[PDB]
Every structure is written in structure tokens, then in C-alpha cells.
Protein chains: 2
Amino acid sequence: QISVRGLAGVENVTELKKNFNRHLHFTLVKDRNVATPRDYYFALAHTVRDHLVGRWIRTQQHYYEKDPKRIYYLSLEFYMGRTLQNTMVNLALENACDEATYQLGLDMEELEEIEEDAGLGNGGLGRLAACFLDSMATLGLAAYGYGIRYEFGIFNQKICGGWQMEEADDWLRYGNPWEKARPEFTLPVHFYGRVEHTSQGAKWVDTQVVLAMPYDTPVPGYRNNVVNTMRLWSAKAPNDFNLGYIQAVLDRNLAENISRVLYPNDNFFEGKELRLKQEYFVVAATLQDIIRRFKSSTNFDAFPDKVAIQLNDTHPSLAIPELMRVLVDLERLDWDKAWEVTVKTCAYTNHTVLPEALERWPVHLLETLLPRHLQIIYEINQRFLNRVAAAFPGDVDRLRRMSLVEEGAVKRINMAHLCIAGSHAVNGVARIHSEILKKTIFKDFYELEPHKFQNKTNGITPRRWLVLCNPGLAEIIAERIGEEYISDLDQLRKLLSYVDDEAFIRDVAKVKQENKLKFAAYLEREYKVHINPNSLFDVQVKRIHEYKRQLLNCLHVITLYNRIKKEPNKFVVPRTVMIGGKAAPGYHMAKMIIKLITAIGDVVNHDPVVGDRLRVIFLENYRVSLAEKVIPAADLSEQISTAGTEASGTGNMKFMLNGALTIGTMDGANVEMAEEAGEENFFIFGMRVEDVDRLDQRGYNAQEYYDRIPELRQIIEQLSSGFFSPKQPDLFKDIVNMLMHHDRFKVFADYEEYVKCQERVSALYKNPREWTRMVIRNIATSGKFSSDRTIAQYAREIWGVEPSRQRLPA
Amino acid sequence: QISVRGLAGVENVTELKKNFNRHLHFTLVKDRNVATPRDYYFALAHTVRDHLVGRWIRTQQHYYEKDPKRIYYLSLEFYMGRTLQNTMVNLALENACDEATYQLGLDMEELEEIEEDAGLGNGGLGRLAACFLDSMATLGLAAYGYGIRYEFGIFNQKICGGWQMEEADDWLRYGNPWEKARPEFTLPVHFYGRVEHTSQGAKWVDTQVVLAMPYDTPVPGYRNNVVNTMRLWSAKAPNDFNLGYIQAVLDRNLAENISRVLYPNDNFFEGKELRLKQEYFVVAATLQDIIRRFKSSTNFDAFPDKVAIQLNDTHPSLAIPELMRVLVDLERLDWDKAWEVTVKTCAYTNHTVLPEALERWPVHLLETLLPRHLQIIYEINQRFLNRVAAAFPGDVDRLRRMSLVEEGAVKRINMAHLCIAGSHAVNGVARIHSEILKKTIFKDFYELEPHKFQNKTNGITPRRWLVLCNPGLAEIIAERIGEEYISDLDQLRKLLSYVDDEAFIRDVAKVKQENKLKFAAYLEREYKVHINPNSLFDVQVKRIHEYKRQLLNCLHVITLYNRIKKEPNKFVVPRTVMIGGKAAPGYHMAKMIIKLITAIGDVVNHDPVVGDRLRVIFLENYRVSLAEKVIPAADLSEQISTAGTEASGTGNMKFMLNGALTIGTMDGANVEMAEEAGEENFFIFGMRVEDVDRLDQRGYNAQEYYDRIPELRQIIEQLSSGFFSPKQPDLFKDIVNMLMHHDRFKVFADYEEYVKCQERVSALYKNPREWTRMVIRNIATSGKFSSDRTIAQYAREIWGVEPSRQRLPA
Ligand SMILES: O=C(O)c1ccc2cc(-c3n[nH]c([C@@H]4O[C@H](CO)[C@@H](O)[C@H](O)[C@H]4O)n3)ccc2c1
Ligand SMILES: O=C(O)c1ccc2cc(-c3n[nH]c([C@@H]4O[C@H](CO)[C@@H](O)[C@H](O)[C@H]4O)n3)ccc2c1
Ligand SMILES: *Cc1c(COP(=O)(O)O)cnc(C)c1O
Ligand SMILES: *Cc1c(COP(=O)(O)O)cnc(C)c1O
């Protein structure tokens, strides 16, 4: 049908049909009389999987023969979403599979909707890992993602009476056709025990053993026949575990709970023992696998020439002392040599500066669970502080600030300090964030070792986030500038030559309108809600957190409602305001924010005077597959975190690539997006980082804003008095009290500029031609935000390897 | 190579090779450079599985179209063993697969040894269910086996310092290629709650729900292209289960524990709540599936014309009140009509008379777990006793003896009484056992309803238990009388015409000698033990239980040792005495018996005066795959239970078919085996049932035997004084005390006759020609003990269906 989806040749279509029928019969054990739609989905998935396996085997053989430096990306989260369509895109099979299934009397889009998201992450951090795997394969790097195969991923969100309810995400219930269990590479992981000191050195003895069983998932690159591996570990009890008899077998569940469930926190450190076990489990299994692969080509001097380990925040920070443990205790390297190898092998990426997100583990927990690792950490600390003291003699407060060990009621280990000490490179994830690291939280470390500190601005894969989710846009671009941009996104700059082309302007606007109609129809069918598709689609989708300021958006929505009620017969640009995202189950204020959004919706959506001029919709169960539907349909992207809090953001980039304009603060990657597009093509408002600092020095007093802004005062009175909760008048008192007295994120301070800026958005939307010209200027300058650019920078500047766009043979 | 293994045609061999390579590449994702032997096993299993699926689909379609009466065999145990070789035998693929694998450079026998036993039973009861499934498919019955998919089957037995240690049987660790998950037929099962009485009738409300997910395994018939289904249920928590958040997800394990592990008891009722949950789980899921299939062809009058439910002991006895519950509470049938349907649908097979094996559930457990079922049981009881009182007016003691409710400190439900009341047929499993049922434990029931009571003597499948495990014997038989006997075992009678044929005598003896050499070599390789293969192989393999009298065998072994020590330079027929079997983990005396056997071995096997004249070997981890190796190698089969205790036995039959002579009591099916072969061709000894009864009336006094038999007294003194446990002199005091004062199974009473009978065995073994002639007379008359004969009798006399040997089209 459309060119970017590839060729549907007669021989390919015939072969796919015959393999589809083969899998239906032999793999699924069904015929066409009893087959369900889910059976047809599986028959297609197995058919497509067959095209991966030859390439997967050949890729891994190629790495064995050439022995390149291997890159190991360690993460507690990989937010993969669905695999079927992405695999077809990367193998150039989409049109052929569409035709094959069409000839069999089936609709491939319907079959795609049956697949479960692999929801093994919380949001941006986990999704970044997934984009990165795609880019590493597309750039021909010998890369492996290592994580945990959680039985239950991020919870499914239901809304009941306007409140979030959680249910378990039993994503493996029907099977996962993409993974391959590799029980033969099962490895032991040790916990508890104690340390014995012999004449041979230290020995970690009397431990409890849990087995780590790997499951491998293929990661195809874009049309280059490279298929890399994501290896995820699952916890298994040994067969003699606890071995009355029946209880001993039932108690195997205690060991196997390590891989049972993803902790559903975003930017919040809980400090639970089970989480620490997960972190060690992934590190310990991964490092043994790394060392095994290294030996199967004594001389650990070459280890950093053959191995790079990238730590995705501090969650796998135990890799540093575990590598030391293996090299010193088991391989018998001297301490100094082991440390040289460790530092040259490891690099650390920081993804947040929020104090509540930083991992600080109590010493008593580490002492019980990982006694040898605690000894190694103390020795690392003593040697590190010896260097600090030599560089800054007499600066005793610096020694306490830089220590890996924090004093207090409970002593804790600061895992970020450990990562900096044991890594040859430390990076932030957007220019402003990397600068904040050097100026504030890691200032002392930057002064000791300035050469370590780098920036690597985040990116997104244009395969999933343009070609897959928005084929109509991909196609109209390809008609003008060809297909090369899909693996070289900088080529989108060529679209600046079409900003005054009437045909291109029309086509850009038509694709958006089609995506809006398709999304409006999705909302009616799956959720029985009716929206005006000629309205401006104003979208804020991301996890619910005070720093992301969904509350500021709520204040604007109420403002627009109150303005309509005051002058009902005045024209206003119609909007559909859509907010979605999950709250962590223990985060009370986040749950109250969800309830506020649905309560505003209950009033606004049923007021006959408003009509279809304003609708407020809470999008339930926001996840990767829903992002693929709503992002292409958006007109306005809300990126409104308090300056200095969103380390980068990546949703911002997805919206830019898909033809939405951005309203946002000068935070994270928003700064660089505005720089690339031109500030005149971005709706920038609010305090800069420097203005937030100036308010903090004087002291933030929310009452001042309340006193001076009548429109704001009206909203707070409506919230307090029960206007949005008539049956429960005090329902929102916690929200009002927080805004008025304890607001760390200064919602009222940006209210006036935000509302004024929103008025400018409305003004531009009334001139469709000029709106669309501005959109073109955004799409055309989005090239920098390809994760292919990001990964090429990590490769050259951190890992010491050269990317390649060359194809392996088919 | 050998004819009974089928044809190896060039086209078949070529096709198997190409599919093997296809599965290695696409299914397993390996090439020949990295493939392990386990990978080759899986590639072969998938290749053979492909030949089943066309037949499986066609068989189930055929039943849908013809709508025959369906037979549902309900069991808590299916002791299947390995599937690969059995599948090849039943599809006539064995020689073709041997050739195909040979051409690929692989040894198929080595690959067969990689497969795990499906150990989902304890012993005879579970294995009988497996033989029965094979016979039902071979006889073309529309039959389904329904059970539980235990995650952990019967434990793996290790012997450490002569003691049994248990380890978990993690049989699913590498995957099971034979099963197919059917998550689409998942059904809810209810527990706890309470009963509400409305004007519409009773309602069971406020229940906890567990989901039952079915896994289907194909059951191929012998060369008839019929493939039936074994459906096993696995427990799953619903997604809203317990829905802080993390603990709620972890606590899903409480529901899922229902299918976690097989209770490892043989003939011993423990009475644990988890076991009751297992029993209801299997019944409730199965009955819904049955009713669904019945409706998918209001009128339950035809239900018993389309459905038969066979209850394998009382373990699924809750099927009776569950069927009543569904018909009365949900379908709104009147009680009397529902009862008529239930009785005509259900039939009960009893497999034991031991008092400690009979299920008697406390009322307080049923009241909490299954409150509606308890109400229905009480109503069944009241109506049943009303009939008893009308038939035997004034007989108040009969009313108390026959009640389903037993009075006492704790009130209990007698599940056997429930099964008799609610079934149209009740059978025992050997003639003597069925007679015991009518004369003793069910005498009252027999007097009320004599027409209900039947016999169905047990059998074994000649596919697994001759063709598969002893191809050399199958072949030499086929050379004389053709292949038809494999599905018509009565044809073995034709071998009586060869009892004086010198060539046949030679061949029978040669096959035994080959099997003995092969087994002697297996023992050296896997267990580092050396045996004389010219010795008489004296074998007792079965679960360890006081009633089976492994202790009587021990007394004979010590007797032979003491006789050698007394006259070292006298000739004695050399023996290798092999004893194997598992003890239930909580059964202390059974564990002590294992320790005694290994302790006797420690003395006997290292005495230089004995030499290779006597060896005592404990065969570790006895299970179906070990039975297939040792049974063909045996000369003497030990079947020495106290008369009246072994309901049938089936190991006895396996040994008879494979060319061993039997030493045994007139117990269970031993009576019928002796009748078929002629008493002159059997080594019968000991008390008959009537003699045991006479001793019980006078009172058993073990001291009398001790006082009168010097050889017995010497053994007891050796045990007591520490001769077999020099480091721990009192180790065996519990055994001595039991034998002398509390022996329910009268070991000393059969000692003299047993030893004398063993002397006659030795005498015959010295004349190989006459030994072999007697063997031929046993093999030739073993036809009655085919499970095909057993199943044909159930079909005609209980289920009301006609067996068929006709082939479905290929
Ligand atoms: O469960 C926990 O203990 C825990 C603790 C901290 C956590 C921090 C994060 C986390 N830190 N930074 C992040 C996000 O990472 C993205 C990719 O670079 C950034 O675009 C985004 O601005 C940032 O908020 N997520 C996620 C889960 C966590 C879970
Ligand atoms: O775990 C329990 O509660 C429990 C209770 C009773 C049990 C009884 C048996 C059981 N009863 N009879 C049997 C065996 O069934 C075979 C097939 O008909 C007979 O050949 C054999 O003589 C008999 O002992 N096993 C098995 C497991 C049990 C488990
Ligand atoms: C991209 C993405 C995120 C991150 O969005 P931000 O606006 O950068 O927080 C979160 N969740 C999902 C499902 C995503 O696809
Ligand atoms: C046949 C068999 C049994 C039953 O043997 P009996 O001697 O009848 O108790 C027990 N276990 C296994 C593994 C079997 O094959």
C-alpha cells in the first residue's frame, strides 16, 4: 500500500501464507474452524520470528569470529512495548505480511492489538533503554542488554469512581513467542553468609544460593540484518532448597520472588530489601556471564579493551564492588590492578537530581545481605578519601561531603558517590542537566576529576516513534526526500525547503487530521467517550509526579472553564484536554491528582453552556502501545516541569517528531529542542533555573500569588469549598494545603506566564496555515533527537568503538 | 534393525532428517557447532510431535461429528514416565527415527535418556491410570484423562550414608514439548464463602476464586491413528487477587500453591487441607468442562447417555456432590431428577482396604472450605439412610455403620460411603479384592444393592511393558507368531506350542542374558557398582511399605548370609538381590527399612568369604524409567505382601510378561496369575487370607516363632546387638520392637515357608533348560493381564460403550 512499508512480492507473500498455515496447524494445534483471533496473532508472530532466527544465529557467530569489544547495558528496566510490528518494520516485511494476512481473510491491524506490551519499566528510564537497544543494533555494535525478567511488569491501571485502582500485569499468561529460555547458561547467585579471612585472602561462605536462568530476546537492527540479544534473568530455587517435605517445596517461592514483580516507582527511592536483592541478582548473574564470554575467545589487562559496562543510574551500581570481588577474591589480582580494570570498564549515567530519587542504602542491610561487598565498599572509600585529602589538604568538610559513607542516625552508602569513584566516565542526559551535575550535586567530584564528566543528550528511535506509529507522516516525508532519513534523521533538515510549498503544507495537515479522527474513533469504541476532532488536542502524558506539574495544567483547565462561564457567548478556540499517566501505588498526592483531573472532567464535560468547546479526558492505562496511538494525534505537547527537575524528558521528543507544537519550560532537553527549532517556533514560558534559585533564596511564599491574581484565588476557593466534589466538600484539602504552604515545585509562580502563553497557542491555532508552517519547522529540526545520534556519541566518547551502517549478509 | 520397530523407508528417513534440522535451527535457535545433547533430544521430540498433531486434530473433529458417549477418567495421579519412545512405538516410527538420527551422527538411545519422567504419581494407582489411557486410545474410545499438572512430581530419591534424602523433582525446568497450554479454556473454581437461602433456592456467595488453566497432552493409540487427550489443570490467581501493592502480588502464590506439588503418600491418608483443595480443584474444573462439552453438540435426561465419569478411588469423590450442586443450584433440576442423573453417570473403583488409606474428612474442614457441599452431603445421607431403614427396619446398628457421617470426638465424612451411594457401579481391582469388599468392608452396601458390585482385574499395557522396554523378547515372539499379539495379548497362548522347541528355549534364555548384561553395565556406569551377571537376579521393586514386606525379604537375605558363613565351602546358587523403592517422607518405619537394606549390603558386599555368591543392592530412585530397565533383566519377581493387603499389584504382571518367575503369596492378582499359568509354574507360599483371619482370632504372638526357629532367633539377636550397625548398636531397635510386639503384617508367620520356597527357586535355577521352560509357560499365559482386556470390560460392563480396533484414516 505505502512505500516505506516495503515490497509485497508474489514469492514472499506465498511463502508467508504457507508458513502461517504451518504454524497454525503444528505450533498452535488448531484448524481454521476452531481458531480464535489470538491463535491468528500467534501464528503470525511465529511466522515473523522464523525470519529473525537465521540472522540472530549469524550475528552471534560473526561476533564470536571477529571478537569486537562488547558493550553491556545494565538496567533494572527495559520498557519494550509490543514486538510484532517493530520486527516487521526492521526486516522490511510489513507490506508482505499485510498482503499475506489479507489473502487469508484476516486484518493484520486487529491481530497486532492482541499482543501484550512487555511492560518491564516505569516510564522514561526504561523506555530509553529500549530505544538504545534498537539504535545499538542499527549501528552494528556488539551490544547486549541485561536485566530481569519480571513475571509482573508495571501494573494495569483502572479508574473506578475517578480513582486509580491497580491490577497485576500478567503479561506472560498466554506465552511470549519472542523469548528463548536458555536453562543451560543458568548461574548461581549468593546472598547472606559471612566472610572468613584465611592466608589465601577473604572467602565468602555459608551463603544462600538462588539460580539465575537466562531468557534471550532478539533485537533487530533497521534493515542491516544485525540481530542483537537482550538477556533477562529469572530466579529459580536450587532442587535441594530447604531439603516437613511439603512446606520445603512450597517455600521455594521465597527465592523465586526476586524476579516476581517490578517496583512501580518513578523518581522515588523506597529502600526495600527485596529491591536490593533484585539489584544484586542482576549484577551478579550478568558479571559471571560477561567473564565467561571474555575467557571463551589469566590476562585481565585486556578486559577493558574487550568489555564496556554501562550503568543505567545507580540501580546496578553493585557491579563495581562485585567486579572487584571477583577479580580480587576469585581471580587473585592485586587490589590496585583490579581497581584499574574496574574503573576502565565501568561508566555511569545519572538520570535525576531529585533528592528523593537518590539511592542511599542502610549499612545494616548491606552488612546482612552482602557482607563482603560492604568490606570492599569501605576499602574503596578509604582509598578514595586518601586521594581527596592529598588534592585538598585540610579540607575536612570536603572529606565528609565526598565520602561514600554518610553519617547519621542510620549510616548509609551513597551509591552515586560509589559510581563516580569507580567509573572512567559520568554523564548526564541533557546539556542543562549535565551542567547542573557539575555546578551542584557533583561539584566536589568535578573539581577532583573534571575529565570524567560528560553530556550525552537523550534521543528516541525514529523506527518505533515515526515509521511504526505514524506511517502516513513517514510516507509524505519519503515522497519528497527518500527513505534514508529513517537511519539518518538529520536528513529531515531538507524539509525546510518545503515550508512554503502549498502541497506539503496540505499533506502535513491532512495526516494530522487523519490521526485525530482515528484516535477519536479509538476513544469511542474502547472507552465510550465522544470528542470533537476539529478541536485542538492538548496532551500531557507521562507518569504522575508533583515535579511534572499536572496540577499547573489543571489550573489552566479550570481557568478556561471559568472564563467560558463568565462570557458564555464569546468565541474560544475549542480544546480537548487529555491527561494520562500512572501514579505509584504508595504516592498519595499523585493519586489525589488523578482524582482531581477526573473530578474536573465530571463538571466540565456535563455543563451544557460549555458544549463541545472544552472537554477534559483522563486517558486510562498510559503505556507504550497507547503512546503510539495518542502521540501522532496530538496538536500541543505539554512539557511543563519546574525548571531544573526533568533531567531530559523523552516524550517531548516523540511529540516533536510527530507534528505537535510544544508548550514548555526551559527544562531538560526542551532547551535543546528550542535551540534546534528556533525559540520563535516554540511556546516557552516560566522561570528559568536561575529564577527558581532566586525565589529559593528569598523564600517561596505562595500566598503572595493568591493575593495578587484574582483568577487564581477563584480557583482555590472553588477547590476548598467543594465545587468539584459536592458530596465530599473537603476532598481536595490536602491539595490546597500543599499548594498554599508546602509546594516544592512552585506551581503558582509559573501560573500567570503559563496562561498568557496558552492564549498565544490559541491565537496561532486559528490560523491553520501558519500553525502548519511552524509544525514543519519543528519536524525538520528534530534530527538531533534520534537515539542513533546519542548512541554514536556514547560509542566514540565513552566505549571506544566505531559505529557501522554496513549490512551483514542475508 | 528389528521388525517390530517398523519400516525405515528412504522417503520417511529423508523427511525426518530435514524436519530435525528445521527444529534445531528455528525452534531451538542453535546450529550444530553449539548444540548440546539436550538440544538434539528436543529437536527429535518436536519432530516426532509434528506426526501426532494431524492425528490429534482429526481425532477430536471425528468425536465432535459422531458425538459418541464420552468417558472421563478422573484421577489425582497420572504416572506417565517418558513420552518420546512410546510415541514412536505407537506411530510405527522407531526404526525410521533410529536411521535418521544415525545418519546425522547421533545415537537415539542416548537422546532418549535425556528426557525427564513425567512423575505425576506415587506408584501403582498412578501408573494404572497411565496404562488405562494407552488402552482406551488403542481401543478407539472417546476418552479423556483429567488431573492436576503438578509443578513438582514425586520426589527424586538420593541415598546419603544409607538414608533416603528427598529432592524436588523440577521436571518442567527445561520445558515439556508434549503439552499444549489452552489458556482460552480457563475456568473459575470457588472456595470458602457461605450459603444464602433465597426463594430461588440456595446460593453459594462470598467465595475466593482460583482459576484453572488446562494443559493438554496427546495420548496416541497403537497404530490406529487415534490420539486422545489428557487434560491437566494448573492453578492461577485472578489479576485483581488481593487488589500494599507489592505484597498483594507476592501473595498470589497462596492460590497457585494448589497445583505446586504431588503429596508423596502411597496407601496412607494424611488429611491435610491443601490436599482437599487439590481434590476439589480438579473436580470443579473438570465438571464445568464436561458440562460445556455436553451443551455444545436443558435436557439433562440424556446426560448419562453421553457421559461416563470414572472415579479413581475416593480422591475425586467430591464429583458426586459437585454434580448435584451444579444440577440443583445452577440448572434448577429437582433433587430426585438430579440424583438419578448423578448415579447413572458416576462409577467408583476402590483400590485398597487398608484402614489407614481410607479418606475420612473432618466435618469442620468441609464446613469452612465447601459449605454448600457439606449441606448436599448431609441431604444425600438422610435420603440414603431412609432407604436403608425401609429395607432393614429396626436395624439401628446398620444405620450407624452405613452412615456417610461418622460420629466421634471429631465428626468425619466417610468418602467411600459417599462414592457407593452415588455410583451405579462399584468395582475392586482383582477377584480376591472384589470378594473381600463384598464380605468385609462393604458388606452392608452389598446386601442393600448387590447389583452395584463388580470386579475388574487390573492389567498393564503391552506397548510400554513389552515392545518398548524389551524389544529383543518382542522380536523373538513375533518371529514365531507375528505382530498381532501386541494389540491382542491372548495370542501369546500360541507360545505353548514352542515349550519343547530347542531353538525357542535358546532364544528366550539369550534375550534374558542380554538384558542382564545391559543392566549390569548400566549399574557400573551410573552407580559404580559391580555385579555377577551369571547370578540369579532376585528383584523386589515397589514403594516401601510395611504391608509389602521388604522386611521378610531382608530376613531371607540375612539367612542366606548366615548359612554361607556357617559352611563357607559349600556350593550355593549365586544371587544378586536388588531392592528398590521410595518411602513417603513422614513414614519413619519405611525410612528405617531403607537404612536396614543398605546396612545389610554394607556387611554382605564386603565379606571376602561370601565373594560374588551374594550381593545386596539398593536401587536408588525407583521410577517408571528405571522399571523399564530392571524388569526385563529380572529372574525372580518378589510379590510377598501379607495375604489380603495388596488389592491387585501391577508390578507382578510386568515381571510375568518379561520372563521372570514369581515367588509370592496368594494375594491380589497373584491368585489369578497362578491360575492362568498353573500353580506348578509359580512359587506360591505362605498364609492364605483365611489363615491370616484364623491367626487374628487366636491372637498373633511373634514370640512363639522366635522361640521355635533357631535361624530366626539368630537374626533378631544380630539386629539387636549391633552386628549390622557397629558404630550405633541400638540403631535398629524400633524395627526389632515392631517385629516382636506390634507387627500388623505377620512377617515371622510366613518366614519358614518363604525360606523353604526360596530353596526350591534355587534348585530350579541350577537346571537352565527347565527354568526356561517354566518361563515360557508364564509368558504364554500372561495375556489376561493386558490392560486392553481390563478396559474392554469397563467399557461393556460399566460405561455402556463398544470398543473398536478399526483405524482412523491417516
Ligand atoms: O524503586 C526505586 O527505588 C527507584 C528509585 C529511583 C528511580 C529513578 C528513576 C528515574 N530517574 N530518572 C528518570 C528519568 O530518566 C529519563 C531518561 O534519561 C529522563 O528523560 C527523565 O527526565 C528522568 O526523570 N527515571 C526511575 C525509577 C526509579 C526507581
Ligand atoms: O495422600 C493421600 O491422602 C493418599 C491416600 C490414599 C492413597 C491410596 C493409594 C492407593 N490405593 N491403592 C493403591 C494401589 O492401586 C493399584 C492399582 O489398582 C493396586 O495394584 C495396588 O494393589 C494398590 O495398593 N494405591 C495411593 C495414594 C494415596 C494417597
Ligand atoms: C516516552 C515515554 C515516557 C517518558 O515520557 P516523559 O514525558 O519524558 O516523562 C513515559 N512513559 C511511556 C509509556 C513512554 O512511551
Ligand atoms: C508398576 C509400578 C508400580 C507398582 O508396582 P507394585 O509392585 O504393583 O506395587 C510402582 N512404581 C512404578 C514406577 C511402577 O512402574
Side-chain angles (χ1 to χ4, degrees), chain A residues 502 505-506 508-517 519-521 523-524 529-540 552-579 597 599-618 630 633-638 640 655 659-664 680-686 709-715 717-718 723-724 750-776 778:
Chain A
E502 292 307 307
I505 288 161
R506 185 175 306 111
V508 168
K510 177 176 157 73
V511 167
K512 183 57 65 177
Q513 194 64 75
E514 291 177 10
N515 292 340
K516 292 170 69 176
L517 283 167
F519 193 68
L523 287 188
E524 274 189 30
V529 294
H530 179 70
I531 56 167
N532 176 15
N534 298 145
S535 65
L536 186 167
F537 281 16
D538 179 346
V539 184
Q540 187 179 23
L552 179 61
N553 192 350
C554 291
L555 296 184
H556 177 241
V557 171
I558 301 169
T559 302
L560 288 179
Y561 176 73
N562 287 337
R563 284 177 178 182
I564 292 162
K565 294 295 294 238
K566 187 177 160 68
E567 296 185 294
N569 301 313
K570 192 171 82 195
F571 178 82
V572 296
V573 169
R575 293 194 185 214
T576 297
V577 178
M578 297 182 251
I579 307 170
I597 294 160
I600 292 162
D602 289 338
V603 180
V604 171
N605 297 348
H606 299 103
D607 193 322
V609 171
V610 170
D612 63 16
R613 293 184 287 172
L614 184 59
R615 286 268 183 281
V616 186
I617 303 296
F618 185 85
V630 67
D635 294 308
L636 185 65
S637 171
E638 297 269 359
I640 62 176
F655 284 99
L661 299 180
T662 299
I663 184 167
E680 75 276 13
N681 300 304
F682 234 80
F683 293 100
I684 299 154
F685 76 94
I709 311 161
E711 284 191 303
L712 185 60
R713 184 159 64 255
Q714 173 180 21
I715 294 169
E717 291 179 9
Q718 286 171 314
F723 185 84
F724 293 102
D750 281 333
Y751 169 78
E752 252 192 310
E753 272 211 40
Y754 180 54
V755 173
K756 286 172 177 172
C757 188
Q758 286 282 21
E759 291 170 8
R760 295 173 42 219
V761 170
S762 284
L764 186 68
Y765 195 80
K766 291 153 73 168
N767 191 332
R769 186 169 180 284
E770 299 302 328
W771 180 275
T772 303
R773 290 175 75 252
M774 194 168 290
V775 168
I776 293 161
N778 275 243

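In the text below, chain A, chain B and the rest are named by the order of the sequence lines, each starting its count at 1. Basis for what follows: all heavy atoms, side chains included, without hydrogens, waters or symmetry-related copies.
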List in chain and number order the residues that pass ring pair (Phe, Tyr, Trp, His ring centres under 6.0 Å) with A:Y754, two or more places apart in sequence or in another chain; answer none if no residue qualifies. A:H556, A:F685
Nearest heavy-atom approach of A:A634 to A:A660 is O-CB, 3.5 Å
Taken to the nearest 0.5 Å, the spacing of A:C757 SG from A:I640 CD1 works out to 10.5 Å
Between atom CG of A:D750 and atom CG of A:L555, what is the distance when rounded to the nearest 0.5 Å? 11.5 Å
A:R713: which residues meet the salt bridge (charged side-chain N to carboxylate O under 4.0 Å, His left out) condition with it, sequence neighbours left out? none
Does the side chain of A:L764 come within less than 4.5 Å of A:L661's, by heavy atoms? yes
Give every residue pair that meets the salt bridge (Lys or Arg N to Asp or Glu O under 4.0 Å) criterion with at least one member in residues 756-767 of chain A, sequence neighbours excluded. A:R563-A:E759
Between A:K566 and A:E711, is a side chain to side chain contact (heavy atoms under 4.5 Å, CB included) present by the stated rule, with each step listed? CA-CA 12 Å; A:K566 187 177 160 68; A:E711 284 191 303; over 6 Å; no
Applying salt bridge (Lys or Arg N to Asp or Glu O under 4.0 Å), which residue pairs with at least one partner in residues 604-613 of chain A are found, sequence neighbours left out? A:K565-A:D607
Quick one: are A:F537 and A:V630 in side-chain contact, heavy atoms under 4.5 Å? no
Only residue of A:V557, A:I597, A:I600 satisfying side-chain contact (heavy atoms from CB on, under 4.5 Å) with A:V577 is A:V557
Donor-acceptor contact present, side-chain A:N778 to main-chain A:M774, <3.5 Å: yes
To the nearest 0.5 Å, atom CG of A:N534 lies from atom OG1 of A:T576 at 10.0 Å
Tell me the closest heavy-atom pair linking A:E638 and A:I663, and the distance in Å. OE1-CG2, 3.5 Å
Side chain to side chain contact (heavy atoms under 4.5 Å, CB included) evaluation trace for A:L560 with A:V572: CA-CA 9 Å; A:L560 288 179; A:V572 296; over 6 Å; no
A:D602 side chain vs A:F724 backbone, donor-acceptor pair below 3.5 Å: no
Return the orientation label for the A:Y765 and A:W771 ring planes: parallel under 30°, perpendicular over 60°, tilted otherwise. perpendicular
CA sep, side-chain torsions, deciding dist, call: A:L552, A:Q540, side chain to side chain contact (heavy atoms under 4.5 Å, CB included): CA-CA 11 Å; A:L552 179 61; A:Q540 187 179 23; over 6 Å; no
Got a second to check how far A:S637's OG is from A:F683's CZ, nearest 0.5 Å? 12.0 Å
The salt bridge (charged side-chain N to carboxylate O under 4.0 Å, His left out) partners of A:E770 (sequence neighbours excluded) come to A:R773
Going by the rule side chain to side chain donor-acceptor pair (under 3.5 Å), which residues pair with A:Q718 if we only count those two or more places apart in sequence or in a different chain? A:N562
Provide the closest heavy-atom pair for A:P533 versus A:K516 in the form atom of the first, atom of the second, distance. O-CE, 3.4 Å
How long is the straight-line distance from CD1 of A:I531 back to CG of A:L523, given to the nearest 0.5 Å? 4.5 Å
Shortest non-hydrogen separation from A:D635 to A:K512 and the atoms involved: OD1-CG, 3.7 Å
Approximate separation, where rounding is to 0.5 Å, of A:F618 CZ and A:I579 CD1: 8.0 Å
Would A:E502 and A:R506 count as a salt bridge (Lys or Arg N to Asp or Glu O under 4.0 Å) here? Give the steps. CA-CA 6 Å; A:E502 292 307 307; A:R506 185 175 306 111; 5.4 Å; no
Is the side chain of A:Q714 donor-acceptor paired with the backbone N or O of A:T559 at a distance under 3.5 Å, no angle test? no
Test side chain to side chain contact (heavy atoms under 4.5 Å, CB included) on A:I505 and A:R769 and set out the steps. CA-CA 7 Å; A:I505 288 161; A:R769 186 169 180 284; 4.1 Å; yes
